[PDB]
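Student: Once you've had a glance at the structure underneath, I'll fire off some questions.
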Amino acid sequence: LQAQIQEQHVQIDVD
Amino acid sequence: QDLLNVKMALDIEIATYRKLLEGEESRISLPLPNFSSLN
Amino acid sequence: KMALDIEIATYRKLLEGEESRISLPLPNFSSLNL
Amino acid sequence: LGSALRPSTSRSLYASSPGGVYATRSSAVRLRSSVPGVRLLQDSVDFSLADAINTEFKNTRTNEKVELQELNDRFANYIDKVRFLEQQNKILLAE
Amino acid sequence: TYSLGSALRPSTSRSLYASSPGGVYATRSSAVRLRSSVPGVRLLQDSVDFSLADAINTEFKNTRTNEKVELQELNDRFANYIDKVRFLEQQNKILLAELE
Amino acid sequence: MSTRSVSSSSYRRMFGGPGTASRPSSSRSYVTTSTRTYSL
Amino acid sequence: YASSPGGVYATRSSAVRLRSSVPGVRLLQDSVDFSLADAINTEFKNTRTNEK
Amino acid sequence: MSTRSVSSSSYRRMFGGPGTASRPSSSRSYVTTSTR
Amino acid sequence: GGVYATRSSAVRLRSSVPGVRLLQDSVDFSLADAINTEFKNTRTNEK
Amino acid sequence: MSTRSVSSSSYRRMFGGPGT
Numbered sequence: 245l246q247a248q249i250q251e252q253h254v255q256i257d258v259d
Numbered sequence: 384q385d386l387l388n389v390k391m392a393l394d395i396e397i398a399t400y401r402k403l404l405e406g407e408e409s410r411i412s413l414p415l416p417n418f419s420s421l422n
Numbered sequence: 390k391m392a393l394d395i396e397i398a399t400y401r402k403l404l405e406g407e408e409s410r411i412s413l414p415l416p417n418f419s420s421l422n423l
Numbered sequence: 040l041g042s043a044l045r046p047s048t049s050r051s052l053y054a055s056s057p058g059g060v061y062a063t064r065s066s067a068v069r070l071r072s073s074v075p076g077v078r079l080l081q082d083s084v085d086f087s088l089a090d091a092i093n094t095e096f097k098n099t100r101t102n103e104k105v106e107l108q109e110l111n112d113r114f115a116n117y118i119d120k121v122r123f124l125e126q127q128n129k130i131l132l133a134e
Numbered sequence: 037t038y039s040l041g042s043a044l045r046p047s048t049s050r051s052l053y054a055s056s057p058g059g060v061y062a063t064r065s066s067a068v069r070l071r072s073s074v075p076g077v078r079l080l081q082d083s084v085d086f087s088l089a090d091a092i093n094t095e096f097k098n099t100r101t102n103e104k105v106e107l108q109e110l111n112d113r114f115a116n117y118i119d120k121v122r123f124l125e126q127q128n129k130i131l132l133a134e135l136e
Numbered sequence: 001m002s003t004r005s006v007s008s009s010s011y012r013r014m015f016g017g018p019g020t021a022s023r024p025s026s027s028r029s030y031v032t033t034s035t036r037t038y039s040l
Numbered sequence: 053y054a055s056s057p058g059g060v061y062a063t064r065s066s067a068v069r070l071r072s073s074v075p076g077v078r079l080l081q082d083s084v085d086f087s088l089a090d091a092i093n094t095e096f097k098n099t100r101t102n103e104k
Numbered sequence: 001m002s003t004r005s006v007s008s009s010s011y012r013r014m015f016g017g018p019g020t021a022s023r024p025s026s027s028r029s030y031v032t033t034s035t036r
Numbered sequence: 058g059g060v061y062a063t064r065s066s067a068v069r070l071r072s073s074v075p076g077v078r079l080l081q082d083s084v085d086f087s088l089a090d091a092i093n094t095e096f097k098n099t100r101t102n103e104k
Numbered sequence: 001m002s003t004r005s006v007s008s009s010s011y012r013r014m015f016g017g018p019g020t
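Chains as they are written, first to last, in the UniProt record's numbering: chain U, 245 to 259; chain V, 384 to 422; chain E, 390 to 423; chain H, 40 to 134; chain G, 37 to 136; chain Z, 1 to 40; chain W, 53 to 104; chain A, 1 to 36; chain B, 58 to 104; chain P, 1 to 20.
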């Protein structure tokens with residue numbers, strides 16, 4: 245679970 | 384390490400997305416995500 | 390901890406490219422764990 | 040160590056000068072040709088153009104600084120990306 | 037040892053700028069009469085610039101640049117207000133995780 | 001006849017007085033007295 | 053040893069305007085010390101003594 | 001005629017220059033030290 | 058005890074009011090702060 | 001003008017002297 249929270253780092257600038 | 388491998392795979396996929404979407408925001412903006420969080 | 394040290398570091402390896410991505414978040418390459 | 044774990048310091052120590060704003064007083068002659076005049080038509084009806092260019096340079100600075108405020112706030116959302124990972128990484132490092 | 041925000045909080049001092057515009061002084065001792073030693077040989081005709089309305093449209097050009105960038109600064113204030121909502125939720129979320 | 005010249009006087013006409021020649025050199029560097037949590 | 057550095061207080065009530073009662077008669081020209089780089093090399097001298 | 005009235009302003013006063021000698025060297029150095 | 062840091066209190070105002078000179082204000086003092094790091098590296102040496 | 005603000009600090013309190 246802490247590895248999922250560590251991988252969410254990931255994505256793009258919002259609006 | 385595999386939660387951090389999902390985070391690493393997301394970092395590469397987010398690069399391939401970022402260098403095109405935020406990389407057309409480029410002509411206002413620009414690119415890179417990298418790799419790793421392996422522990 | 391060492392996962393958060395390298396994930397902070399590699400979010401810094403995102404952030405040179407996100408500083409590039411709006412002329413913007415500077416904090417780059419640096420918290421490296423091994 | 041309940042105190043140093045919130046590094047409470049004023050980074051507000053910068054001081055920008057507003058100096059250099061030297062408004063040039065135009066001092067046209069404001070008298071028509073010679074004494075009370077021998078011509079009238081040719082005195083260049085225009086200068087509400089120069090005051091409409093003074094409002095062009097008002098609206099140009101409302102533009103230019105905000106072509107530089109989308110800017111600082113595109114830079115801010117890229118710093119706030121660093122705060123979003125610092126917060127998600129802080130929940131992660133409490134968990 | 038307890039934390040205190042008292043060294044994080046500076047004094048935001050309000051400078052006040054008391055502008056008084058300059059009074060309208062000009063040659064009110066002119067025109068005691070208009071001179072006739074050379075009189076007003078007064079060239080009329082008219083339909084003249086009117087460049088002031090084109091310059092109100094160069095004002096409105098750089099107003100189109102300010103409207104389109106107040107529209108973009110409104111998305112960038114959406115991002116800086118979404119930062120403020122992300123922090124509102126995440127300072128509650130850190131406090132819920134550091135409590136549950 | 002003598003011209004009643006209420007001049008820009010010859011001590012500030014060419015000398016930018018109160019004024020940028022009176023030089024408000026106030027670059028506003030805040031004197032950040034950095035507070036550390038440390039007794040020696 | 054809980055050191056808290058002193059806050060940056062200085063004359064923020066200056067320059068409401070710069071005065072024109074005597075204006076900024078502003079002597080420019082430049083290429084000036086730069087003694088700070090020689091003093092970074094007197095720092096680096098006593099850094100050679102600390103390295104050795 | 002022309003009139004050289006207040007248009008270009010006269011320095012009759014306003015300089016002055018009181019800052020020529022009003023910034024004390026007796027402004028206290030408040031010697032900060034970490035207690036040993 | 059004996060570590061008494063002397064607070065320098067220069068006038069921090071240029072000649073008279075907002076100034077009648079500008080060039081001559083002694084651009085230097087990063088020398089005095091590079092001498093503060095000379096006395097850091099001198100104490101890293103001396104001890 | 002000069003201003004004699006907090007620069008040289010005022011002893012309004014802090015001595016005291018409870019060790020007396």
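Here a beta-carbon is modelled for each residue, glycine too, at the ideal position from N, C-alpha and C.
Grab the span of the alpha helix (DSSP H) containing E/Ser409 for me, first residue to last.
Tutor: By 1-based counting over the third sequence, the position of residue 409 of chain E is 20. Per DSSP, E/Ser409 belongs to the alpha helix (DSSP H) from 391-409.
Student: Where do the N-terminal and C-terminal ends of the alpha helix (DSSP H) with H/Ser87 fall, by residue?
Tutor: The residue you call residue 87 of chain H lines up with position 48 of the fourth sequence. Note, H/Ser87: alpha helix (DSSP H), 87-103.
Student: With 16 other CB atoms within 10 Å as the buried threshold, where does G/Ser55 fall?
Tutor: Along the fifth sequence, read from residue 1 onward, the residue named residue 55 of chain G stands at position 19. Label assigned to G/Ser55: exposed.
Student: So does the region 41-60 of chain H actually touch the region 394-402 of chain E, counting three or more Cβ pairs closer than 8 Å?
Tutor: no
Student: Is it true that the CB of B/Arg64 sits closer than 9 Å to the CB of A/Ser29?
Tutor: The residue you call residue 29 of chain A lines up with position 29 of the eighth sequence. The residue you call residue 64 of chain B lines up with position 7 of the ninth sequence. Between A/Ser29 and B/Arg64, the C-beta spacing is below 9 Å.
Student: Can you say whether V/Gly406 is buried or exposed, counting buried as having 16 or more other CB atoms within 10 angstroms of its CB?
Tutor: What you label residue 406 of chain V is simply residue 23 of the second sequence in a count that begins at 1. Result: buried.
Student: DSSP three-state call for Z/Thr32: helix, strand or coil?
Tutor: For the purposes of this step, residue 32 of chain Z is taken as the residue at position 32 of the sixth sequence. In the structure shown, Z/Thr32 sits in coil (DSSP, three-state: anything other than H, G, I, E or B).
Student: Along chain W, in chain order, which residues have C-beta atoms closer than 8 Å to that of H/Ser49?
Tutor: Within the fourth sequence, numbered from 1, the residue matching residue 49 of chain H stands at position 10. Those within 8 Å of H/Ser49 in chain W are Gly59, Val60.
Student: Give me the residue from H/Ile118, H/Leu110, H/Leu132 with the minimum Cα distance to V/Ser409.
Tutor: Within the second sequence, residue 409 of chain V is the residue found at index 26, counting from 1. Checking every option, the nearest Cα to that of V/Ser409 belongs to H/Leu110.
Student: Chain U beta carbons: is any one of them nearer than 9 Å to that of E/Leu403?
Tutor: Position 14 of the third sequence holds residue 403 of chain E. Closer than 9 Å: yes.
Student: What do you get for W/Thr101, buried or exposed, if any count of 16 or more other CB atoms within 10 angstroms of its CB means buried?
Tutor: Mapped onto the seventh sequence, residue 101 of chain W falls at position 49. Exposed, by the Cβ-count rule.
Student: Is the Cβ-Cβ distance between B/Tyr61 and A/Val31 less than 9 Å?
Tutor: On the ninth sequence, residue 61 of chain B is found 4 positions in, with the first residue counted as 1. On the eighth sequence, residue 31 of chain A is found 31 positions in, with the first residue counted as 1. Cβ atoms of B/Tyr61 and A/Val31: closer than 9 Å.
Student: Is H/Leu52 close to chain Z, meaning its C-beta is less than 9 Å from at least one C-beta of that chain?
Tutor: As a first step, residue 52 of chain H is located in the fourth sequence; it is residue number 13 there, counting from the start. It does: the Cβ of H/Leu52 has a partner Cβ on chain Z nearer than 9 Å.
Student: Does the beta carbon of residue 224 of chain U come closer than 9 Å to any beta carbon on chain E?
Tutor: Past the edges of chain U, shown from 245 to 259, lies residue 224 of chain U, and the structure says nothing about it.
Student: With a Cβ-Cβ cutoff of 9 Å, do H/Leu79 and G/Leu88 count as a contact?
Tutor: Against the fourth sequence, residue 79 of chain H aligns to sequence position 40. Against the fifth sequence, residue 88 of chain G aligns to sequence position 52. No; because the gap between Cβ atoms is not below 9 Å, this pair is not in contact.
Student: Any residues in the region 11-31 of chain A with a beta carbon nearer than 9 Å to a beta carbon of chain P? Which ones, in chain order?
Tutor: For the region 11-31 of chain A, the beta-carbon criterion of a distance under 9 Å to any beta-carbon of chain P is satisfied by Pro18, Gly19, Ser22, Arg23, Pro24, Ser26, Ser27, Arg28, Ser29, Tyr30.
Student: B/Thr63 touches chain W at which residues, Cβ-Cβ below 9 Å?
Tutor: As a working note, residue 63 of chain B is residue 6 in the ninth sequence. Residues of chain W passing the Cβ test: none, with the nearest at roughly 14 Å.
Student: Quick check on V/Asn388 - is its C-beta less than 9 Å from some C-beta in chain E?
Tutor: The count along the second sequence starts at 1 and reaches residue 388 of chain V at position 5. No, because no Cβ of chain E sits closer than 9 Å to the Cβ of V/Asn388.
Student: Looking at the ligand NAD, does it come within less than 8 Å of H/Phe114, judged from the CB to the closest heavy atom?
Tutor: Ligands are entirely absent from the displayed structure, and the ligand NAD is therefore not among its contents.
Student: Within 10 angstroms of its Cβ, does Z/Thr3 collect 16 or more other Cβ (buried), or is it exposed?
Tutor: For the purposes of this step, residue 3 of chain Z is identified with residue 3 of the sixth sequence, where counting begins at 1. That one is exposed.
Student: For H/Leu124, count the other beta carbons within 10 Å of its own beta carbon; 16 or more makes it buried, fewer makes it exposed. Which is it?
Tutor: Within the fourth sequence, numbered from 1, the residue matching residue 124 of chain H stands at position 85. Buried: at least 16 other Cβ atoms inside 10 Å.
Student: Closer than 9 Å, CB to CB, is E/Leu415 near chain V or not?
Tutor: Position 26 of the third sequence holds residue 415 of chain E. Judged by the 9 Å Cβ criterion, E/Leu415 is not in contact with chain V.
Student: Could you check how far apart the C-beta atoms of B/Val74 and A/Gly19 are, in whole angstroms? I think they sit under 8 Å.
Tutor: As a working note, residue 74 of chain B is residue 17 in the ninth sequence. As a working note, residue 19 of chain A is residue 19 in the eighth sequence. Correct: roughly 4 Å between the Cβ atoms.
Student: Have a look at H/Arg45, H/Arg71, H/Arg122 and flag the residue whose alpha-carbon is nearest the alpha-carbon of E/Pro414.
Tutor: For the purposes of this step, residue 414 of chain E is taken as the residue at position 25 of the third sequence. Comparing Cα-Cα distances from E/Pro414 to each of H/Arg45, H/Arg71, H/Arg122, the minimum goes to H/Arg122.
Student: Roughly how many angstroms separate the alpha carbons of V/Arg401 and W/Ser66, rounded to a whole number?
Tutor: Reading the second sequence from its first residue, position 18 is the one you call residue 401 of chain V. Reading the seventh sequence from its first residue, position 14 is the one you call residue 66 of chain W. Each residue's Cα considered, the two are about 48 Å apart.
Student: Can you tell me which of E/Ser420, E/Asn422, E/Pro416 puts its alpha carbon nearest to the alpha carbon of H/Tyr117?
Tutor: Within the fourth sequence, the letter at position 78 stands for residue 117 of chain H. Cα-wise, what sits closest to H/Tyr117 is E/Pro416.
Student: Look at residue 106 of chain W and G/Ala43 and say whether their C-beta atoms are less than 9 Å apart.
Tutor: Missing from the structure shown is residue 106 of chain W; chain W here goes from 53 to 104 and no further.
Student: Can you check which of these residues, A/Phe15, A/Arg36, A/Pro24, is closest to P/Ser8 by C-alpha distance?
Tutor: The residue labelled residue 8 of chain P in the question sits at position 8 within the tenth sequence. It is A/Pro24.
Student: For the candidate residues G/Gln81, G/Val105, G/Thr94, G/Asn98, whose alpha-carbon lies nearest to that of V/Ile411?
Tutor: Position 28 of the second sequence, counted from the first residue, corresponds to residue 411 of chain V. The option with the nearest alpha carbon to V/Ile411 is G/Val105.
Student: Identify the contact partners of W/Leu79 in chain H, using a Cβ-Cβ distance below 8 Å as the criterion.
Tutor: As a working mapping, residue 79 of chain W is identified with position 27 in the seventh sequence. Ordered by position in chain H, no residue passes the 8 Å Cβ test against W/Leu79, which lies about 16 Å from the chain.
Student: Quick one, are the C-beta atoms of B/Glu95 and W/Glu95 less than 9 Å apart?
Tutor: Here residue 95 of chain B refers to the residue found at position 38 when the ninth sequence is read from its first residue. Here residue 95 of chain W refers to the residue found at position 43 when the seventh sequence is read from its first residue. Contact: yes.
Student: Would you kindly check if the distance between the Cβ of W/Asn98 and the Cβ of B/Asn93 is under 9 Å?
Tutor: Position 36 of the ninth sequence, counted from the first residue, corresponds to residue 93 of chain B. Position 46 of the seventh sequence, counted from the first residue, corresponds to residue 98 of chain W. No, they are not a contact pair.
Student: Give the C-beta separation of G/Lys120 and H/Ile130 to the nearest angstrom, bearing in mind that I take them to be a contact with Cβ-Cβ under 8 Å.
Tutor: Here residue 120 of chain G refers to the residue found at position 84 of the fifth sequence. Here residue 130 of chain H refers to the residue found at position 91 of the fourth sequence. In fact, because the Cβ distance is near 18 Å, the residues do not count as touching under 8 Å.
Student: Exposed or buried, which one is H/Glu134 when buried takes at least 16 other CB atoms within 10 Å?
Tutor: For the purposes of this step, residue 134 of chain H is taken as the residue at position 95 of the fourth sequence. By the 10 Å Cβ count, H/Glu134 comes out exposed.
Student: Looking at the C-beta of G/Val121, does it have a partner C-beta in chain H at a distance below 9 Å?
Tutor: As a working note, residue 121 of chain G is residue 85 in the fifth sequence. Not closer than 9 Å to any Cβ of chain H, the Cβ of G/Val121 fails to qualify, so no.
Student: In the DSSP assignment, the alpha helix (DSSP H) including V/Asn422 goes from what residue to what residue?
Tutor: What you label residue 422 of chain V is simply residue 39 of the second sequence in a count that begins at 1. It is not in any alpha helix (DSSP H) - V/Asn422 carries neither H nor E in the DSSP assignment.
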